[PDB]
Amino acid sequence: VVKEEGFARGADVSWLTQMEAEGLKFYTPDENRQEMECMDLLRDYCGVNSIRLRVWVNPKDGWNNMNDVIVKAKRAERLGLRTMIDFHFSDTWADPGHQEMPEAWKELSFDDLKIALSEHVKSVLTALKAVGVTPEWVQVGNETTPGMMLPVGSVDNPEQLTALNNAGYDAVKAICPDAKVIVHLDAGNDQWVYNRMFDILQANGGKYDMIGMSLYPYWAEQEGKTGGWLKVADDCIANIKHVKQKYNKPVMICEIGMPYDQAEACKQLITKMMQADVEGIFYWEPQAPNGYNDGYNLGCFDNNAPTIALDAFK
């Protein structure tokens, strides 16, 4: 198998090694319902050509640490899948409500924090290089809508945020000169979010190659928002056009997701978004059973097998 070029039809499968340890099995979605390794299944049955993996610095249970990422990255590479590495710059989940720097970094001067962040990114990419994996894209942060490593990298501290960002960018470029560096926010439907962040970076010499978005639009149906999930998607399409024109940077949809039992709608969402001016789309943890971890329900598998959602990718 060889890696594809062009549009990235992606899956984030960071949980996969934990799931495997927990004894989860996955199956082909056809008349045979044959047990299969999950990445191979996504490649051969769901038209996936790309894998995204989150990185945590000093995680409690080891999962998403450098060592874990290497195992999953090597597996993707073996299967001829392109890789995105997503640095959270945290020991746990980094999202718009929680951008907590690693415990071990909290006593560091600002200059030493930048060095710690730089060294972590270089450590992880160097190891990858060593084992024959060159990622195509790297995120400096994950859904950093308010900034990162709050409050040090808050948008309210735009010089510090930009310097931490740039420490990330430079680190990626050091090891992987061709890797596209992504700044990734949530709420791809919200232009203001993007304007705030990217005007900040512009005003401060912030470096990045690509704008990343999350698109999880189902809340708009559930909450009875006029226009439903479809208006959220169209607002995201408009945002994509907006940020391309304003910043002249390409866009990736780094996370997409709908409820696992909204298989048809989710198929239409992906089909619709695949014509937008984006370089790819990554389904977030497609393989996660309904109820996983805290009650997570935005996978696109049922009975341990893909629904029709990723038929959009085939």
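Residue positions are given as counts along the sequence shown, with the first one as 1.
> Tell me which stretch has the larger mean Cα B-factor in this entry, 33-41 or 260-268.
Comparing 33-41 with 260-268, the higher average CA B-factor belongs to 33-41.
> Can you let me know which of the two, 9-17 or 288-296, has the higher average C-alpha B-factor in the entry?
For C-alpha atoms only, the mean B-factor is higher in 288-296.
> Highest recorded C-alpha temperature factor, please, choosing from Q222, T145, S214, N239.
Answer, based on the entry's C-alpha B-factors: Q222.
> In the PDB entry, which of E107, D86, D209, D170 has its C-alpha at the highest B-factor?
Answer for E107, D86, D209, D170: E107, with the highest C-alpha B-factor.
> Using the B-factors in the PDB entry, rank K60's C-alpha atom against the chain and give the third, lowest, middle or highest.
Highest third.
> Give the position of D186 by CA B-factor within its chain, expressed as the lowest, middle or highest third.
Answer is lowest: the recorded C-alpha B-factor places it there.
> Divide the modelled residues of the chain into thirds by Cα B-factor and specify which third, lowest, middle or highest, holds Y247.
Middle third by C-alpha B-factor.
> Among the modelled residues of this chain, does the Cα B factor of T28 put it in the lowest, middle or highest third?
Its C-alpha B-factor belongs to the highest third of this chain's values.
> Compared with the other modelled residues in the chain, in which third is the CA B-factor of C46?
Highest third of the chain for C46's C-alpha B-factor.
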